[PDB]
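Student: Per my numbering, the sequence shown runs over residues 3 to 362.
There's a structure below that I have some questions on.
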Amino acid sequence: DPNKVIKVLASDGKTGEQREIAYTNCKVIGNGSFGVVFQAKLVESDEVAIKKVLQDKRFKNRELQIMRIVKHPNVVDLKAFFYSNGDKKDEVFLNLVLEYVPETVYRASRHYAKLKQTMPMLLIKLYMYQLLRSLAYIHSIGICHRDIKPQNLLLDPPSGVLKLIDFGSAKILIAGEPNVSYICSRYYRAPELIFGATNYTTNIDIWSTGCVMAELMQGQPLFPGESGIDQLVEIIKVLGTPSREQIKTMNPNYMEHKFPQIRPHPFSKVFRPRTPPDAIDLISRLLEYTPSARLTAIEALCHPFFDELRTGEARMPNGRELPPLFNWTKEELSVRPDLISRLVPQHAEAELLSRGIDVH
(Lines of atoms letter the chains of each structure in order from A and count residues from 1; the text may use other names and numbers.)
(Lines give C-alpha, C1' and ligand atoms only; values in the text may rest on other atoms or scores of the structure.)
Protein backbone atom coordinates (compact mmCIF):
# COMPACT_ATOMS: atom_id res chain seq x y z
CA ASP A 1 0.00 0.00 0.00
CA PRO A 2 -1.20 2.63 -0.66
CA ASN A 3 -3.17 2.41 -3.91
CA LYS A 4 -0.65 4.24 -6.14
CA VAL A 5 0.52 4.27 -9.75
CA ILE A 6 4.20 3.56 -10.41
CA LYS A 7 5.82 4.37 -13.75
CA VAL A 8 9.05 2.90 -15.17
CA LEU A 9 10.89 2.74 -18.51
CA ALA A 10 10.71 -0.78 -19.93
CA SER A 11 11.32 -2.74 -23.12
CA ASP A 12 8.67 -4.42 -25.26
CA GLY A 13 8.76 -8.24 -25.22
CA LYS A 14 8.47 -8.48 -29.00
CA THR A 15 11.03 -5.72 -29.87
CA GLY A 16 13.77 -4.28 -27.63
CA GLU A 17 12.34 -0.77 -28.16
CA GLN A 18 11.81 1.44 -25.12
CA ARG A 19 8.29 2.37 -23.99
CA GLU A 20 7.06 3.58 -20.61
CA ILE A 21 4.61 1.33 -18.79
CA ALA A 22 2.67 1.89 -15.57
CA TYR A 23 0.95 -0.41 -13.11
CA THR A 24 -0.64 -0.45 -9.66
CA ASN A 25 -2.36 -2.73 -7.10
CA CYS A 26 0.40 -5.34 -6.82
CA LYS A 27 0.81 -8.07 -4.24
CA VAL A 28 2.56 -11.46 -4.15
CA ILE A 29 0.98 -14.59 -5.70
CA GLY A 30 3.84 -16.99 -4.88
CA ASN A 31 7.34 -17.05 -3.44
CA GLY A 32 10.23 -19.17 -4.71
CA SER A 33 13.94 -18.79 -3.98
CA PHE A 34 14.53 -17.90 -7.64
CA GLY A 35 11.81 -15.32 -8.19
CA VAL A 36 9.00 -13.46 -6.48
CA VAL A 37 5.77 -13.24 -8.50
CA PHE A 38 3.64 -10.12 -8.24
CA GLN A 39 0.02 -9.79 -9.33
CA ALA A 40 -0.43 -6.25 -10.57
CA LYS A 41 -2.76 -4.31 -12.86
CA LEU A 42 -1.35 -2.68 -15.99
CA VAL A 43 -2.65 0.89 -16.52
CA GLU A 44 -5.55 0.23 -18.96
CA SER A 45 -7.30 -2.41 -16.88
CA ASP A 46 -5.27 -5.45 -17.93
CA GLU A 47 -4.27 -7.74 -15.05
CA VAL A 48 -0.67 -9.08 -15.08
CA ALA A 49 2.04 -11.11 -13.37
CA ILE A 50 5.46 -9.56 -12.74
CA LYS A 51 8.34 -11.96 -12.00
CA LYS A 52 11.20 -10.29 -10.12
CA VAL A 53 14.45 -12.32 -10.17
CA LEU A 54 18.02 -11.55 -9.10
CA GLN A 55 20.26 -11.20 -12.18
CA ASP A 56 24.06 -11.22 -12.45
CA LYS A 57 24.70 -8.36 -14.91
CA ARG A 58 27.83 -10.26 -16.06
CA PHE A 59 25.70 -12.72 -18.05
CA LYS A 60 22.41 -13.53 -19.84
CA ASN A 61 19.19 -14.75 -18.26
CA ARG A 62 18.19 -18.38 -19.04
CA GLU A 63 14.53 -17.36 -18.94
CA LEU A 64 14.61 -13.95 -20.65
CA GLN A 65 16.41 -15.18 -23.81
CA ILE A 66 13.59 -17.67 -24.33
CA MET A 67 10.64 -15.35 -23.60
CA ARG A 68 12.27 -12.92 -26.07
CA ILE A 69 12.45 -15.53 -28.87
CA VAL A 70 9.03 -17.05 -28.24
CA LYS A 71 5.70 -15.87 -29.70
CA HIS A 72 2.73 -18.21 -30.28
CA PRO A 73 -1.04 -18.31 -29.54
CA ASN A 74 -0.41 -21.19 -27.14
CA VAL A 75 2.67 -20.07 -25.13
CA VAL A 76 2.52 -17.21 -22.62
CA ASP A 77 3.27 -13.62 -23.51
CA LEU A 78 6.14 -11.46 -22.40
CA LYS A 79 4.61 -7.99 -22.48
CA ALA A 80 7.49 -5.91 -21.17
CA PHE A 81 10.70 -6.50 -19.22
CA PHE A 82 12.52 -3.95 -17.07
CA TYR A 83 15.57 -3.71 -14.83
CA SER A 84 15.03 -2.75 -11.20
CA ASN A 85 18.00 -1.55 -9.17
CA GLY A 86 18.71 -3.46 -5.93
CA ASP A 87 20.16 -0.58 -3.85
CA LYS A 88 22.97 1.21 -5.76
CA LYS A 89 25.40 -1.20 -7.51
CA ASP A 90 25.45 -4.11 -5.01
CA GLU A 91 22.76 -6.04 -6.99
CA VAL A 92 20.35 -5.80 -9.96
CA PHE A 93 16.86 -7.29 -10.48
CA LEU A 94 15.11 -8.32 -13.70
CA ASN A 95 11.33 -7.93 -13.87
CA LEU A 96 9.25 -9.87 -16.39
CA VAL A 97 5.74 -8.65 -17.20
CA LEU A 98 3.60 -11.61 -18.22
CA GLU A 99 -0.09 -11.99 -19.13
CA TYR A 100 -2.14 -12.96 -16.07
CA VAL A 101 -3.35 -16.46 -15.30
CA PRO A 102 -7.17 -16.76 -15.15
CA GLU A 103 -6.90 -20.45 -14.23
CA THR A 104 -4.96 -23.67 -14.76
CA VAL A 105 -5.86 -27.13 -16.10
CA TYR A 106 -5.13 -28.36 -12.57
CA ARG A 107 -7.69 -26.18 -10.78
CA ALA A 108 -10.06 -26.86 -13.66
CA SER A 109 -9.65 -30.59 -12.95
CA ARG A 110 -10.03 -30.05 -9.18
CA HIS A 111 -13.34 -28.29 -9.89
CA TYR A 112 -14.75 -31.41 -11.63
CA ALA A 113 -13.44 -33.64 -8.83
CA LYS A 114 -15.72 -31.78 -6.38
CA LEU A 115 -18.69 -32.44 -8.68
CA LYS A 116 -17.56 -36.12 -8.76
CA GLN A 117 -17.75 -36.11 -12.58
CA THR A 118 -14.65 -36.38 -14.78
CA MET A 119 -13.98 -33.42 -17.14
CA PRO A 120 -15.71 -33.46 -20.58
CA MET A 121 -14.01 -35.61 -23.22
CA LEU A 122 -14.10 -32.91 -25.93
CA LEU A 123 -12.49 -30.36 -23.59
CA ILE A 124 -9.63 -32.83 -23.15
CA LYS A 125 -9.11 -32.94 -26.96
CA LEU A 126 -9.15 -29.15 -27.17
CA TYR A 127 -6.70 -28.63 -24.30
CA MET A 128 -4.32 -31.40 -25.28
CA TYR A 129 -4.41 -30.22 -28.91
CA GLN A 130 -3.25 -26.75 -27.96
CA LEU A 131 -0.48 -28.12 -25.71
CA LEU A 132 0.94 -30.42 -28.37
CA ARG A 133 0.94 -27.58 -30.92
CA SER A 134 2.63 -25.41 -28.30
CA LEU A 135 5.31 -28.08 -27.91
CA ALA A 136 5.61 -28.66 -31.67
CA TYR A 137 6.50 -24.99 -31.83
CA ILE A 138 9.05 -24.47 -29.03
CA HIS A 139 10.65 -27.82 -29.91
CA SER A 140 11.11 -26.72 -33.53
CA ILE A 141 13.02 -23.73 -32.12
CA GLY A 142 15.07 -26.14 -29.90
CA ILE A 143 13.45 -25.41 -26.51
CA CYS A 144 12.67 -28.07 -23.91
CA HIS A 145 10.17 -27.01 -21.26
CA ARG A 146 11.21 -29.60 -18.63
CA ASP A 147 8.04 -29.04 -16.52
CA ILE A 148 4.92 -29.97 -18.52
CA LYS A 149 2.27 -30.53 -15.82
CA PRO A 150 -1.35 -29.50 -15.07
CA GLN A 151 -0.31 -26.56 -12.85
CA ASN A 152 1.67 -25.07 -15.74
CA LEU A 153 -1.17 -24.98 -18.25
CA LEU A 154 -2.92 -21.60 -18.46
CA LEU A 155 -6.66 -21.92 -19.03
CA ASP A 156 -9.53 -19.60 -19.93
CA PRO A 157 -12.91 -21.26 -19.05
CA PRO A 158 -15.07 -19.06 -21.36
CA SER A 159 -12.81 -19.00 -24.47
CA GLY A 160 -11.31 -22.47 -23.88
CA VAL A 161 -7.78 -21.50 -24.89
CA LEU A 162 -4.67 -23.17 -23.47
CA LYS A 163 -1.31 -21.51 -22.98
CA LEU A 164 1.94 -23.15 -21.89
CA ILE A 165 3.21 -21.37 -18.79
CA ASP A 166 6.37 -21.14 -16.61
CA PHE A 167 9.59 -21.25 -18.61
CA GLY A 168 11.54 -20.99 -15.34
CA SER A 169 13.01 -24.48 -15.63
CA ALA A 170 13.12 -24.47 -19.44
CA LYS A 171 16.38 -24.97 -21.33
CA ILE A 172 17.39 -24.92 -24.98
CA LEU A 173 19.07 -28.29 -25.57
CA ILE A 174 22.41 -27.99 -27.40
CA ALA A 175 23.53 -31.43 -28.67
CA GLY A 176 26.24 -33.14 -26.56
CA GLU A 177 25.77 -31.00 -23.45
CA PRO A 178 24.95 -32.80 -20.18
CA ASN A 179 21.80 -31.65 -18.35
CA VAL A 180 20.41 -32.20 -14.83
CA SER A 181 18.54 -35.52 -14.48
CA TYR A 182 16.46 -34.52 -11.45
CA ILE A 183 13.97 -32.41 -13.44
CA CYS A 184 10.15 -32.19 -13.94
CA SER A 185 7.56 -32.80 -11.27
CA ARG A 186 7.89 -36.40 -10.11
CA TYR A 187 4.71 -37.89 -11.56
CA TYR A 188 5.48 -36.52 -15.03
CA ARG A 189 9.20 -37.28 -14.93
CA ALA A 190 10.18 -39.38 -17.95
CA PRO A 191 11.66 -42.83 -17.23
CA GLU A 192 15.05 -42.02 -18.80
CA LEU A 193 15.25 -39.22 -16.25
CA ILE A 194 14.70 -41.72 -13.42
CA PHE A 195 17.54 -43.72 -15.01
CA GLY A 196 19.64 -40.56 -14.64
CA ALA A 197 20.28 -39.90 -18.35
CA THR A 198 21.88 -36.50 -18.99
CA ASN A 199 21.76 -36.59 -22.79
CA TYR A 200 17.96 -36.56 -23.12
CA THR A 201 15.95 -34.63 -25.75
CA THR A 202 12.64 -32.68 -25.99
CA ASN A 203 10.92 -36.10 -26.16
CA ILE A 204 10.67 -35.84 -22.35
CA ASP A 205 8.09 -33.05 -22.65
CA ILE A 206 6.10 -35.53 -24.76
CA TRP A 207 6.24 -38.13 -21.98
CA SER A 208 4.90 -35.55 -19.52
CA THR A 209 1.92 -34.58 -21.72
CA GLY A 210 0.97 -38.27 -21.84
CA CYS A 211 0.86 -38.29 -18.04
CA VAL A 212 -1.18 -35.08 -18.23
CA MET A 213 -3.73 -36.46 -20.69
CA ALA A 214 -4.17 -39.67 -18.69
CA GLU A 215 -4.61 -37.67 -15.49
CA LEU A 216 -7.45 -35.69 -17.05
CA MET A 217 -9.30 -38.90 -17.94
CA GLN A 218 -8.43 -40.60 -14.62
CA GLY A 219 -9.28 -37.62 -12.43
CA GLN A 220 -6.09 -38.64 -10.60
CA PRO A 221 -2.33 -38.90 -11.47
CA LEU A 222 -1.37 -41.92 -13.60
CA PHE A 223 1.87 -42.72 -11.79
CA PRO A 224 1.53 -41.40 -8.22
CA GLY A 225 5.05 -42.40 -7.11
CA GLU A 226 5.98 -41.59 -3.52
CA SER A 227 9.73 -41.12 -4.13
CA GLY A 228 12.48 -41.22 -6.77
CA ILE A 229 12.78 -45.01 -7.11
CA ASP A 230 9.07 -45.68 -6.44
CA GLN A 231 8.19 -43.56 -9.49
CA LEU A 232 9.92 -46.07 -11.79
CA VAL A 233 8.01 -48.93 -10.11
CA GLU A 234 4.59 -47.29 -10.60
CA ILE A 235 5.45 -47.06 -14.32
CA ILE A 236 6.51 -50.73 -14.64
CA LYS A 237 3.30 -51.66 -12.79
CA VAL A 238 1.42 -50.55 -15.95
CA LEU A 239 3.77 -50.49 -18.96
CA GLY A 240 5.56 -53.69 -17.95
CA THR A 241 9.27 -54.43 -17.59
CA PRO A 242 11.69 -52.64 -19.94
CA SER A 243 13.54 -54.75 -22.53
CA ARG A 244 17.35 -54.95 -22.84
CA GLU A 245 17.04 -52.71 -25.92
CA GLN A 246 14.65 -50.41 -24.03
CA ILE A 247 16.96 -49.88 -21.02
CA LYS A 248 19.80 -49.51 -23.54
CA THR A 249 18.25 -46.39 -25.14
CA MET A 250 17.52 -44.73 -21.77
CA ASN A 251 20.94 -45.21 -20.11
CA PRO A 252 23.54 -47.84 -21.20
CA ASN A 253 25.05 -48.02 -17.66
CA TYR A 254 21.85 -49.07 -15.85
CA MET A 255 21.11 -51.80 -18.43
CA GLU A 256 22.21 -54.73 -16.25
CA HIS A 257 20.47 -54.16 -12.87
CA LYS A 258 18.06 -56.84 -11.62
CA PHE A 259 14.36 -55.96 -12.09
CA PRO A 260 11.12 -57.78 -11.08
CA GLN A 261 9.15 -59.24 -14.03
CA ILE A 262 5.63 -57.84 -14.55
CA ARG A 263 3.54 -58.23 -17.73
CA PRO A 264 2.27 -55.13 -19.66
CA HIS A 265 -1.22 -54.72 -18.17
CA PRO A 266 -2.92 -53.24 -21.30
CA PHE A 267 -4.38 -49.69 -21.29
CA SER A 268 -7.77 -50.82 -22.60
CA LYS A 269 -8.19 -52.22 -19.09
CA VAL A 270 -6.43 -49.44 -17.13
CA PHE A 271 -9.03 -46.81 -18.05
CA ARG A 272 -12.78 -46.60 -17.32
CA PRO A 273 -14.91 -48.74 -19.69
CA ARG A 274 -16.59 -45.72 -21.35
CA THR A 275 -13.24 -44.39 -22.60
CA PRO A 276 -12.85 -43.76 -26.39
CA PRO A 277 -10.49 -46.24 -28.07
CA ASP A 278 -8.61 -43.47 -29.92
CA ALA A 279 -7.67 -41.70 -26.68
CA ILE A 280 -6.30 -45.04 -25.41
CA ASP A 281 -4.21 -45.46 -28.57
CA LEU A 282 -2.72 -41.95 -28.41
CA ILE A 283 -1.62 -42.22 -24.77
CA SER A 284 -0.12 -45.62 -25.66
CA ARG A 285 2.06 -44.05 -28.40
CA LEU A 286 3.19 -41.20 -26.12
CA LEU A 287 4.18 -43.40 -23.18
CA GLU A 288 7.12 -45.37 -24.56
CA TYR A 289 10.31 -46.24 -22.66
CA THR A 290 12.38 -45.34 -25.71
CA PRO A 291 12.35 -41.53 -26.18
CA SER A 292 12.70 -41.86 -29.98
CA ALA A 293 9.75 -44.27 -30.12
CA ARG A 294 7.34 -41.66 -28.74
CA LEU A 295 5.25 -39.71 -31.25
CA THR A 296 6.88 -36.33 -31.82
CA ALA A 297 5.27 -33.01 -30.99
CA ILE A 298 3.70 -32.51 -34.46
CA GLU A 299 3.03 -36.18 -35.30
CA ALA A 300 0.70 -36.47 -32.31
CA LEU A 301 -1.45 -33.61 -33.66
CA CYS A 302 -2.17 -35.75 -36.73
CA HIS A 303 -3.62 -38.55 -34.57
CA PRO A 304 -7.26 -39.61 -35.30
CA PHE A 305 -7.95 -38.39 -31.77
CA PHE A 306 -7.83 -34.80 -33.00
CA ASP A 307 -10.26 -35.25 -35.92
CA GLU A 308 -13.36 -34.07 -34.02
CA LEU A 309 -11.72 -30.64 -33.96
CA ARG A 310 -10.87 -30.58 -37.67
CA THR A 311 -14.46 -30.84 -38.96
CA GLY A 312 -15.36 -27.39 -37.62
CA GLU A 313 -18.74 -28.78 -36.56
CA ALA A 314 -17.96 -29.26 -32.86
CA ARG A 315 -18.81 -26.68 -30.18
CA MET A 316 -18.05 -26.19 -26.48
CA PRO A 317 -20.45 -27.46 -23.75
CA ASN A 318 -20.41 -23.71 -23.04
CA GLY A 319 -22.35 -23.50 -26.32
CA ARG A 320 -19.69 -21.18 -27.79
CA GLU A 321 -17.52 -21.65 -30.91
CA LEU A 322 -14.02 -23.11 -30.36
CA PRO A 323 -10.78 -20.95 -30.21
CA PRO A 324 -8.11 -20.56 -32.95
CA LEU A 325 -6.58 -23.97 -33.70
CA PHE A 326 -5.69 -23.65 -37.37
CA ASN A 327 -4.16 -20.17 -37.76
CA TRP A 328 -0.87 -21.73 -38.87
CA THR A 329 2.25 -19.78 -39.82
CA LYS A 330 4.72 -20.63 -42.59
CA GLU A 331 7.32 -21.33 -39.88
CA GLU A 332 4.96 -23.67 -37.99
CA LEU A 333 4.20 -25.94 -40.95
CA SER A 334 7.72 -25.95 -42.42
CA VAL A 335 9.02 -28.13 -39.57
CA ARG A 336 7.11 -30.99 -41.20
CA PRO A 337 5.84 -30.25 -44.77
CA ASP A 338 5.44 -34.01 -45.01
CA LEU A 339 2.24 -33.91 -42.91
CA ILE A 340 0.61 -30.71 -44.25
CA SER A 341 -2.56 -32.61 -45.30
CA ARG A 342 -3.73 -33.46 -41.77
CA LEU A 343 -2.76 -30.28 -39.93
CA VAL A 344 -4.79 -28.07 -42.31
CA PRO A 345 -8.38 -29.16 -42.97
CA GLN A 346 -9.84 -27.82 -46.25
CA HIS A 347 -12.36 -25.60 -44.38
CA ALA A 348 -9.67 -23.07 -43.39
CA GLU A 349 -7.44 -23.23 -46.51
CA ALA A 350 -8.61 -19.75 -47.61
CA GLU A 351 -5.73 -17.71 -46.13
CA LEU A 352 -2.14 -17.82 -47.46
CA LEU A 353 0.74 -20.24 -48.38
CA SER A 354 -1.60 -22.55 -50.40
CA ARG A 355 -0.26 -25.87 -51.81
CA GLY A 356 3.18 -24.74 -52.98
CA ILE A 357 6.06 -26.12 -50.88
CA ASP A 358 6.64 -22.62 -49.44
CA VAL A 359 9.26 -24.06 -47.04
CA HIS A 360 11.03 -21.63 -44.67
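We put the beta carbon where it would ideally sit given N, CA and C, even for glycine.
Keeping to the same chain, check which residues put their C-beta closer than 6 Å to that of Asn154; ignore five residues upstream and five downstream.
Tutor: Correct list, in chain order: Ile167, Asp168.
Student: Rounded to whole angstroms, what is the Cα-Cα separation between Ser229 and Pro193?
Tutor: Rounded to whole angstroms, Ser229 to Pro193 spans 13 Å at the Cα level.
Student: Over what stretch of residues does the beta strand (DSSP E) that includes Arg21 continue unbroken?
Tutor: Looking at the DSSP string, the run of the beta strand (DSSP E) that includes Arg21 is 20 to 34.
Student: Is the stretch 13 to 21 in contact with the stretch 72 to 89, if contact means three or more CB pairs nearer than 8 Å?
Tutor: At 8 Å Cβ cutoff, the stretches touch.
Student: Give the list of continuous alpha helix (DSSP H) stretches no shorter than 4 residues that lie fully inside the stretch 52 to 107.
Tutor: Runs of the alpha helix (DSSP H) inside the stretch 52 to 107: 64 to 70.
Student: Can you check whether the CB of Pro160 is closer than 8 Å to the CB of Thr106?
Tutor: The answer is no: Cβ separation not under 8 Å.
Student: Which partner residues of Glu353 appear in the DSSP bridge assignment?
Tutor: None; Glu353 has no bridge partner.
Student: Based on the DSSP output, what are the partners of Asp48 in its beta bridges?
Tutor: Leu44, per the DSSP bridge assignment.
Student: Rounded C-beta distance between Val94 and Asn87? I'm assuming under 8 Å.
Tutor: Indeed they touch by this definition, with Cβ atoms about 6 Å apart.
Student: Using three-state DSSP, classify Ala192 as helix, strand or coil.
Tutor: Of the three classes helix, strand and coil, the one that applies to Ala192 here is coil, per DSSP.
Student: Determine contact between the stretch 305 to 322 and the stretch 330 to 349, defined as no fewer than three beta-carbon pairs at a distance below 8 Å.
Tutor: Taking 8 Å as the limit for Cβ pairs, the verdict is that the stretch 330 to 349 does touch the stretch 305 to 322.
Student: Would you kindly work out how many angstroms separate the C-alpha atoms of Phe261 and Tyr129, rounded to a whole number?
Tutor: Computed Cα separation, rounded: 37 Å.
Student: Where does the unbroken beta strand (DSSP E) through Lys9 begin, and where does it stop?
Tutor: First-last of the beta strand (DSSP E) with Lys9: 8 to 14.
Student: Taking just the CA atoms, how far does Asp149 sit from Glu22?
Tutor: Cα to Cα, the separation comes out at about 33 Å.
Student: Provide the residue(s) that pair with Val361 in DSSP beta bridges, ordered along the chain.
Tutor: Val361 pairs with nothing; no bridge assigned.
Student: Applying the 10 Å Cβ sphere with the 16-neighbour rule, what's the burial state of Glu217?
Tutor: So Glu217 ends up on the buried side.
Student: Should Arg246 be labelled buried (16 or more other beta-carbon atoms within 10 Å of its own) or exposed?
Tutor: Counting Cβ neighbours within 10 Å, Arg246 comes out exposed, since fewer than 16 surround it.
Student: Just to confirm the assignment, what range does the alpha helix (DSSP H) spanning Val240 have?
Tutor: Segment 230 to 241, the alpha helix (DSSP H) holding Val240.
Student: According to DSSP, is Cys213 part of a helix, a strand, or is it coil?
Tutor: Helix, per DSSP.
Student: Considering residue 2, what are the terminal residues of the alpha helix (DSSP H) in which it resides?
Tutor: Any question about residue 2 goes unanswered here, given that the chain covers just 3 to 362.
Student: Roughly how many angstroms lie between the CA atoms of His267 and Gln119, to the nearest whole one?
Tutor: Cα to Cα, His267 sits roughly 26 Å from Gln119.
Student: Under 8 Å, do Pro180 and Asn201 count as touching if we go by C-beta distance?
Tutor: Yes, the pair counts as a contact, with Cβ atoms nearer than the cut-off.
Student: Beta strand (DSSP E) containing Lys165: first to last residue?
Tutor: Unbroken beta strand (DSSP E) run through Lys165: 163 to 166.
Student: Taking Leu195 as the reference, which of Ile231, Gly32, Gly212, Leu134 has the closest Cα?
Tutor: Selected option, being the one with the closest Cα: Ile231.
Student: Could you pull the start and end residues of the beta strand (DSSP E) that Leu155 belongs to?
Tutor: 155 to 158 is the span of the beta strand (DSSP E), which, as asked, contains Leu155.
Student: What separation, rounded to the nearest whole angstrom, lies between the Cα atoms of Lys53 and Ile68?
Tutor: Using only the alpha carbons, I get a separation of about 15 Å.
Student: Sort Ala302, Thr277, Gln57, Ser187 by Cα distance to residue 392 and report the nearest one.
Tutor: Nothing about residue 392 can be reported from this structure: the residues present for the chain run from 3 to 362 only.
Student: At the level of alpha carbons, what is the spacing between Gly178 and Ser210?
Tutor: Answer to the nearest angstrom: the Cα atoms are 23 Å apart.
Student: For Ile174, which of helix, strand or coil comes out of DSSP?
Tutor: Residue state, collapsed to three classes: strand.
Student: How many whole angstroms separate the CB atoms of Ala24 and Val45, which I take to be in contact at a CB cut-off of 8 Å?
Tutor: About 4 Å; that satisfies the 8 Å criterion.
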